[PDB]
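Structure first, commentary second.
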Amino acid sequence: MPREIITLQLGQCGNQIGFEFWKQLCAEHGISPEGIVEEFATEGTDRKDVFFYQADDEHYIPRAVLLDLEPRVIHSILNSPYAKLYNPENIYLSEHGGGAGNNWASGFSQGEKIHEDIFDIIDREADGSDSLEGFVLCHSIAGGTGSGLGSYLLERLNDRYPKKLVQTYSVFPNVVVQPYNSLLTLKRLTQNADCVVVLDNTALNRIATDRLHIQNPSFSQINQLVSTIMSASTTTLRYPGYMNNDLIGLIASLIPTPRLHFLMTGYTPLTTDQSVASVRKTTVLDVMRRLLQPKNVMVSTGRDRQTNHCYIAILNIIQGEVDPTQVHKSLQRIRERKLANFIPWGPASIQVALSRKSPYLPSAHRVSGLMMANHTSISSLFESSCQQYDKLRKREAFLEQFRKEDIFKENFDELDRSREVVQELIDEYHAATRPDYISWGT
Amino acid sequence: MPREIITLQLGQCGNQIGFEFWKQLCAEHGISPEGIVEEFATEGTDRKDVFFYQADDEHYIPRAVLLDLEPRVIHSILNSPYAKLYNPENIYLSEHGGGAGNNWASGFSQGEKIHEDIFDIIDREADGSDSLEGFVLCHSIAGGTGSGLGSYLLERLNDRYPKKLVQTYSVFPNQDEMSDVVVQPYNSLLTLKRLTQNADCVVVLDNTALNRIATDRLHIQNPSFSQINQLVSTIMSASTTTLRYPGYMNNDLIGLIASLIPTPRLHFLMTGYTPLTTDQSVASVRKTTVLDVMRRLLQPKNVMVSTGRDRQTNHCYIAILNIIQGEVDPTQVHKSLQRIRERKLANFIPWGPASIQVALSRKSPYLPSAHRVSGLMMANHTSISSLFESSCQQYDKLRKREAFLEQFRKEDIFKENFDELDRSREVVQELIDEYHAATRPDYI
Amino acid sequence: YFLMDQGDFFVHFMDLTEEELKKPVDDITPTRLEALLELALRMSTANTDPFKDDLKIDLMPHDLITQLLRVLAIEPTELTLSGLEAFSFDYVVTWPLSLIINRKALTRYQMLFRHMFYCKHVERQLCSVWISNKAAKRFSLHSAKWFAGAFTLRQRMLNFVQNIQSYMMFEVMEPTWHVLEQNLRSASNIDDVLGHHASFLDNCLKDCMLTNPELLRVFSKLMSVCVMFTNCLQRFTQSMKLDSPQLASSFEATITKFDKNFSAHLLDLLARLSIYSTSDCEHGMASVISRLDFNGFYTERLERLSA
Amino acid sequence: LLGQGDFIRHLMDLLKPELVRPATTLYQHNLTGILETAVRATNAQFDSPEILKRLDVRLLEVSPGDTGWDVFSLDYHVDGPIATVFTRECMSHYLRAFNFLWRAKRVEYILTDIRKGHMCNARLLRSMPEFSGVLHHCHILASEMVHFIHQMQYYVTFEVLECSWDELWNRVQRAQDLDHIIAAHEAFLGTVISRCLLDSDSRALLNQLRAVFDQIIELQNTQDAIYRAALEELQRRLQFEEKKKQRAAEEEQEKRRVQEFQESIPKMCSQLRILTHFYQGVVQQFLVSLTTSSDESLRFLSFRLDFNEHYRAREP
């Protein structure tokens, strides 16, 4: 029985992330832009039934639905070489090109208006998937469709499939109503998403500028990095082995539970193709040190002298020819040197999985490693979002468009609840920083 | 275990010297200008990791960071044949191409302002080297960027790596020529102070001495900067010959530092190279006996440092290390040492331990050597204090008349007072006095 | 491996086993020693040798100087034992090369390797002492009166050790290797090859002065004096950094006493070498005297002590 | 041998709702379906078809007091030349190694789940920090036990499995006779058996590993029960607060709940401290037993687990 994953792409950023992930999956499975498996991919090392849907003509149609309130992105995807790869019946676009107007409430209203098409596509995907593990929602927390529609879709998925994991690719901001949308998206991720993968635009831009030497980096580089990260997320599903290859298990391992859904992402090596990394034979110790470097973290966490951030749980998916003795030695050395501060309220969760890369994917690095860690430093981003929400709420900034919505026509009690939830989450991550965290209020 | 050296280039002259050194390392290691290892250099038994960090294609990419306050030298290096030889992530070019204006204070301010990027590059190199031994800072004491930024980078390296040997390739100002930079004397004093206070060893590479050597020995009329860069590359390869070739003794830079610097204050070791002859002058298979090699190394005409021959003070060498590259009979070296001890061809420091070392090493198989045996002399001698005194005199000539003091005063380092230039003059004078005591029996 | 022809591997082994070999016999893991040696070989130029992996870490049954004295006197609870003292290289022989390589030559080579490792450690300690002695250069030159003598003694001991090591390496061991190569090139049969190797080994043994336990004791005394001076300088540097046994008790007086003892041991060794040169045409002692008295700092002392 | 991630990963993920049941309730069809779904979702579907045909779910005799987790295991059938390479003794050794690896993986997964549950109850229920002094005492010892487990997992990964695999691969690369191949396979199996505490003198070691896993499971169950009870109390308090917001009885109920939580905190803290003491004692006893062992692998594992004197400051 295949274990299919349903991809929900909301907003322009979400659609770009989904398209890039689909392209990466097609390249790893040796699938052409039209979705057909290449002649060299007949011996592909990954079963496409795991992530994509197969057509009757041996055509790989990814199980992704691109929902956009603007027809420009839909048209660009349909004019891209990968238009034939995606099934036209799995994408729903609203006829009213009015969008959400950068309002979380308006985005939620539009999502409720188009709930029929999205819900029908989700039901068709679930009925058509033998062992559907869950859905991955890729969207932006500051946009209109991605935030409001993303929260609505997450709530609908949680209500209809409370037993199905809800993984989200939330593009964290580096819009006047942006603070409100960010607070609403954080509350939605905490209350209806089993795991939210924060993709900080500021952190991605900093990494690109520091390593790629690209002056004024474009959004294309950020989208490519997001695609590479998502491909590394499914790299653990490629090599038959022992442990940690379920979407729910990955959620529980990187974001301890649905309550602790704030997880940081780490990628290594962070270097362009034109920069020759000086014949540094990639040792497990060196790879761990590079991932442990703060500049290699894909999350922009404030260096707060008041809060002592610590790692809650770490799941490392290492793809490539790796000697288990070297992996064990690297883990042992990190533990001995205290290279990673484990949560004192929980067992030191340090898991390293050896996986084989897709045979059709050319890897510049002989050994690659993706680190998905639940760390207290995500609270720095949560604190910044809460402060921005409080700053906007106190001055009622960018509240006119929300007031134009039926949800906020009378009052903003939902916004007050979201701000309270964000403050609770920040204080909970602060308790996570304390050894009393396990039985903190528990 | 490699003993890594991080090559830091500062200023236009420093960047040219660094590019020349990288090209020389690639040529000696059989590394193409793009870094790709030549087919003949793949199976070498030399400690290639010791001196260079290979690239992802087994392509020798020197662990060198080129920092300049002007874009001309950076563009020339990036357009040079060795642009691809160096890793792109280790090359930083300042967007503000105004430079230091031949001011040491401005150079120091620029180095402090770019300390974050320079420190990041240095930390990347250190984490990328398994057993890094130190960094080599190649900068010019006469320019503004080379002097001030060299001092800033050297101080940052000394603070970040107190357990790493600190070697500086400081280009001394021309003591015989009126420097085109009026603040050149103050900048030279500041560079000397930085070398004396925060650098474990500073090697003076006099451009005037290089031009004199090219004209007198190579019959080079008006040698160009290309000639100076090639000479610097050859000198760097000669100095790293023992590091490249696995020998029997002194196989690490720590050992070389210990053998070359018997005095922490007087740790400056001067260099001499032989044979120094133009390619046009074909000296018929001149059989260099070990005694002749020792005489040539001790010969002032073979010295690349312009040290004042003061007759009032009897200067002597604190320590002497002679490196012979090629097929050299250790018996020949021993016979030369015995004959030299008999003839007293060199005066040793009376208040310094008896230090006369001869090291046998093999030349690079890829670098053509016209002489089967070549000889380089690295010695710590009090005669360098004559050069320090000349630099101090130039600095005093600028300070007493406040000449070119507007450039220093415009910087924060000398805005309130000239404590930086005064400290530079004091450090040069202190080094000169220590060297004079070293020439005296009271050094110990 | 045994003669450390590949200097990169020897440096890597010294760096990796600096804190492992220096540990006691039971405090230094032989597995850790083997791992450090393997890392040295892999991360050094010795990986170029096809048989570079054949070398291993070896532990002597007794101290190298003690063994030299006992063998000369032929017809370990009271002596300190350390992994640095016991560190050496070992090699296995497979027939007919096992039928050629014996344990007498193996024992001589292991003794030579242990002596070379001890000498390299002493030189490294002297260089480290001088490097920390450089703090006075960055500090005021008028607040180093006690450290001036220590730095001068460290420099003098390091220079004497370096000159002696260079002379020994270029005259004693190198002649043995050259004799081995030349005579094996002139060897046609098993007996001829054995004679070639035996001539090289006998020349090495004769030129290494491995017949006087008193000389071995004097060399150990000189190395111990250098080590005590280095320890006192390191203790002073540690105290200065924090501020910002007998050797550590006093800064300059103990340094002076250690320098006097080391100079006495060196002079005794020089006198014994001169006596051997006078009796056996043996120019090694004359060369050693010339090397230590190149500048005449100790030439006059040796001449005066002869009388 | 649990060499990679995906296949048995999906198997165990499905088994979390499936294999936790009693082995007598374990179904061969259910285990086969879970394994087939795992293979199709992993590279085992794209692995060698002969290997896929030989990979089967193996169950032992049903005895009281066990679960299906300790019964369900993967078996690699040997036939023809494969039969000549893997004899009945080879099959039994492979079954024992698979059982030991399943036990080790279950222990590691239990430790990871307990750590995740603690780090997540740090997030979900952290509304009131008044119980600060309770969690830390059990948390420190649980972290010590988890570090011991991770050190054991890294020892089991290479001292036995990796060493035997490397020896077998080199032997297969140098195999020139059937007798040589048989000897190499037997040597690899013997190295795995010796290193993985499968001997008759290592029955104490296997029992200690099982007891450490059982203590971790008991501590995790106690922590889960405490978190569930506290979350129920907090849900009742939140319901009372929401009723008050929407609108004296609610205040009295909230006060009673707060008093009950304050009173019950000592009992939960005592259970946490008892689990902490048990885990510390287990780690110290394992270190003491390994100290007298003549095996270098055991000595190295004990030294790595006591390099920071975590188990040495408690077992002098």
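Protein chains in written order, with the numbering used here: chain A, 39 to 480; chain B, 114 to 557; chain C, -4 to 302; chain D, 114 to 429.
All C-beta atoms in this analysis are idealised placements derived from N, C-alpha and C, irrespective of residue type, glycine included.
Under the three-state reduction of DSSP, D:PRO194 is assigned to helix. Put simply, of A:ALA435, A:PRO385, A:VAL209 and A:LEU104 the residue whose alpha carbon is nearest the alpha carbon of A:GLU127 is A:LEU104.
In summary, the residues of the stretch 303 to 329 of chain A whose CB is separated from some CB of chain B by less than 7 angstroms are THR309, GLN312, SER313, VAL314, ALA315, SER316, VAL317, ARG318 and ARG327, in the order they occur in the chain.
Contact with chain A is absent for B:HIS188, since none of that chain's Cβ atoms lies less than 8 angstroms from the residue's Cβ. Contacts between D:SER307 and chain A, judged by CB atoms closer than 9 angstroms, are missing: the closest CB pair is about 17 angstroms apart.
In terms of beta-carbon proximity, C:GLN233 stays away from the interface with chain B, with every pair separated by 8 angstroms or more. Distance from the CA of C:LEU300 to the CA of B:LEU250, rounded to the nearest whole angstrom, comes to 48 angstroms. Take B:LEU356, set aside five residues on each side of it, and the residues of its chain with a beta-carbon closer than 6 angstroms to its own are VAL163 and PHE164, in chain order. Between C:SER219 and chain B, the shortest Cβ-Cβ separation is not below 8 angstroms. Distances from the CA of C:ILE185 to each of C:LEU92, C:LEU11, C:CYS122 and C:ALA266 were compared; the closest alpha carbon is that of C:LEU92. Here B:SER260 is buried: its Cβ has 16 or more other Cβ atoms, across all protein chains shown, within 10 Å. Residue contact check for B:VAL284 against chain C: no CB pair falls below 8 angstroms. Pairing B:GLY263 with B:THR304 gives a Cβ-Cβ distance under 8 angstroms. By the beta-carbon neighbour count (other beta carbons within 10 angstroms, threshold 16), C:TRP90 is exposed. Under the Cβ criterion of 8 angstroms, B:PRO194 is not counted among the residues facing chain A. For A:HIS366, the residues of chain D that pass the 7 angstroms Cβ criterion are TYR267, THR270 and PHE271, in the order they occur in the chain. Residues of chain B whose Cβ lies closer than 9 angstroms to the Cβ of C:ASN97 do not exist, since the nearest Cβ in that chain is about 26 angstroms away. Take C:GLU247, set aside five residues on each side of it, and the residues of its chain with a beta-carbon closer than 6 angstroms to its own are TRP141 and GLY144, in chain order. In this structure, B:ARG160 keeps its C-beta atom at 8 angstroms or more from the C-beta atom of C:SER274. In the DSSP annotation of this structure, the continuous segment of the alpha helix (DSSP H) that includes C:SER161 starts and ends at 140 to 163. Residues of chain A with a Cβ closer than 7 angstroms to the Cβ of D:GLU367 do not exist; the shortest Cβ-Cβ separation is about 14 angstroms.
B:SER207 sits in coil when the DSSP states are folded into three classes, being neither helix nor strand. Distance check between B:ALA213 and each of B:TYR265, B:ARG237 and B:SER504 places B:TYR265 closest, using alpha-carbon atoms only. Look at A:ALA102 here: in three-state DSSP terms it is strand. Closer than 8 angstroms to the CB of D:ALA338 there is not a single CB belonging to chain A. Contact annotation: B:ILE254 and B:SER301 have beta-carbon atoms nearer than 8 angstroms. Residues of the stretch 322 to 340 of chain B with a C-beta less than 8 angstroms from any C-beta of chain A: none at all. Interface criterion not met: the Cβ of B:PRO115 is under 8 angstroms from no Cβ in chain A. At a cut-off of 4 residues, the continuous stretches assigned as alpha helix (DSSP H) that sit fully inside the stretch 198 to 277 of chain D are 201 to 237 and 245 to 269.
Taking the Cα positions, A:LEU263 is about 55 angstroms away from D:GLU365. In the structure shown, D:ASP160 adopts coil according to DSSP, grouped into three states.
Contacts with chain A (Cβ-Cβ distance below 8 angstroms) from the stretch 133 to 150 of chain B involve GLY148, listed in chain order.
Per the coordinates, the alpha-carbon of C:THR43 lies some 10 angstroms from the alpha-carbon of B:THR155. Runs of the alpha helix (DSSP H) spanning 4 or more residues and lying entirely within the stretch 98 to 133 of chain C occur at 98 to 128 and 130 to 133, in chain order.
For C:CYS227, the enclosing alpha helix (DSSP H) starts and ends at 208 to 238. It is roughly 14 angstroms from the alpha-carbon of B:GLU547 to the alpha-carbon of C:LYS129.
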